[PDB]
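Protein chains in written order, with PDB author numbering: chain A, 24 to 154; chain B, 24 to 156.
Ideal placement from N, C-alpha and C gives every residue a C-beta, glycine not left out.
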Amino acid sequence: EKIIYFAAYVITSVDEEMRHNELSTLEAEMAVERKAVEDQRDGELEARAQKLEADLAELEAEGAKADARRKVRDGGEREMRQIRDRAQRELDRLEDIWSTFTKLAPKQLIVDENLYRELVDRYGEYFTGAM
Amino acid sequence: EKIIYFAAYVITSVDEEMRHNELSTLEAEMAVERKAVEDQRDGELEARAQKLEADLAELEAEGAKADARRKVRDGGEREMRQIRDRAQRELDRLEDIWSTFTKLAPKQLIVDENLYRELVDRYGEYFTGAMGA
Numbered sequence: 024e025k026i027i028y029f030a031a032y033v034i035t036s037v038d039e040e041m042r043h044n045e046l047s048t049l050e051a052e053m054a055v056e057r058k059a060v061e062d063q064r065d066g067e068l069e070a071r072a073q074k075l076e077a078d079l080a081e082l083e084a085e086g087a088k089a090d091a092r093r094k095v096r097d098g099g100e101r102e103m104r105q106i107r108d109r110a111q112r113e114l115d116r117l118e119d120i121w122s123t124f125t126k127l128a129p130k131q132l133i134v135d136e137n138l139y140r141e142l143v144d145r146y147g148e149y150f151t152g153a154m
Numbered sequence: 024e025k026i027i028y029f030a031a032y033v034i035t036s037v038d039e040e041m042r043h044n045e046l047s048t049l050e051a052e053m054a055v056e057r058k059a060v061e062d063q064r065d066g067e068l069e070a071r072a073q074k075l076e077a078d079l080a081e082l083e084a085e086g087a088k089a090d091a092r093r094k095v096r097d098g099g100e101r102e103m104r105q106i107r108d109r110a111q112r113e114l115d116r117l118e119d120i121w122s123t124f125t126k127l128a129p130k131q132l133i134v135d136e137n138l139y140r141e142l143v144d145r146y147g148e149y150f151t152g153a154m155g156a
């Protein structure tokens, strides 16, 4: 085999009717979780933007040269890109968990343990599978 | 015509590209709003059930008669039905607004003023409508 992993878990049973019944409640719970990620992110971004505005205003009061101002400006932008990028990672991971849960069907092979373990804690009741 | 209404609005154009692009975001946003209704509902149901239990206990300590304890039981169940029913009407309305927006297409005739007004406030950028027939 050309697929290399620690362990695989096959999917045998999915309670489609039960999942179907609670899907709306489950989709809302994921959107609440997603929005708390986006809200934390927006809060961090605004705080960083304020810090950068005050840092530049400080350099100006001190009559610093353009190069010093540019470095602060560039540094702030990089930090804010990191905040966006880190948050995107967390959002993409939740999208993957939700996507795998929603399209969960028997004869599927789950070959990343962290993903498998995420499916169990969040949706253990709706499925059964074996190593 | 045998269809009766105050005033109707033809959809003239739908910005499908943007709807398609913002759909995922819009959908989570509706689901959050939907859940806020459901959470309020559940809180009220749970608190009201506690009340009914305590109220029955109180009739017990005062040694009230059965027909008295029953009317308070039935009045409790009634109110709890009303909590469930009222919130369901609100959920039904949110479901309709969202359903209408997703399947919204040129030439569609929107004939309830309150629905139109909700569509415009929630998703005004996405579509164009004219009152004239």
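Three-state class that DSSP yields for residue i in the structure shown
| i | result |
| --- | --- |
| residue 70/A | helix |
| residue 33/A | strand |
| residue 133/A | strand |
| residue 152/A | strand |
| residue 120/B | helix |
| residue 128/A | coil |
| residue 54/A | helix |
| residue 87/B | coil |
| residue 99/A | helix |
| residue 38/A | coil |
| residue 106/B | helix |
| residue 28/B | coil |
| residue 147/A | helix |
Contacts of residue i in chain A (Cβ-Cβ under 7 Å)
| i | result |
| --- | --- |
| residue 110/B | By Cβ distance, chain A contributes nothing, its closest Cβ being about 14 Å from residue 110/B, past 7 Å. |
| residue 54/B | 50, 51, 54 |
Cβ shell of residue i (< 7 Å), same chain only, five flanking positions each side left out
| i | result |
| --- | --- |
| residue 36/A | 129, 150, 151 |
| residue 127/A | 34, 37, 150 |
| residue 131/B | 34 |
| residue 156/A | An answer regarding residue 156/A cannot be provided, because it is not within the stretch 24 to 154 covered by chain A. |
Chain A contact residues for residue i, given Cβ-Cβ distances below 8 Å
| i | result |
| --- | --- |
| residue 57/B | 47, 51 |
Closer than 7 Å to chain E by CB, residue i
| i | result |
| --- | --- |
| residue 40/B | The chain inventory of the structure shown lacks chain E, comprising the protein chains A and B. |
Beta-carbon contacts of residue i that lie in its chain and below 8 Å, excluding the five residues immediately before and after
| i | result |
| --- | --- |
| residue 96/A | 75, 79 |
Same chain only: Cβ atoms within 6 Å of residue i, ignoring 5 sequence neighbours per side
| i | result |
| --- | --- |
| residue 28/A | 134 |
| residue 124/B | 146 |
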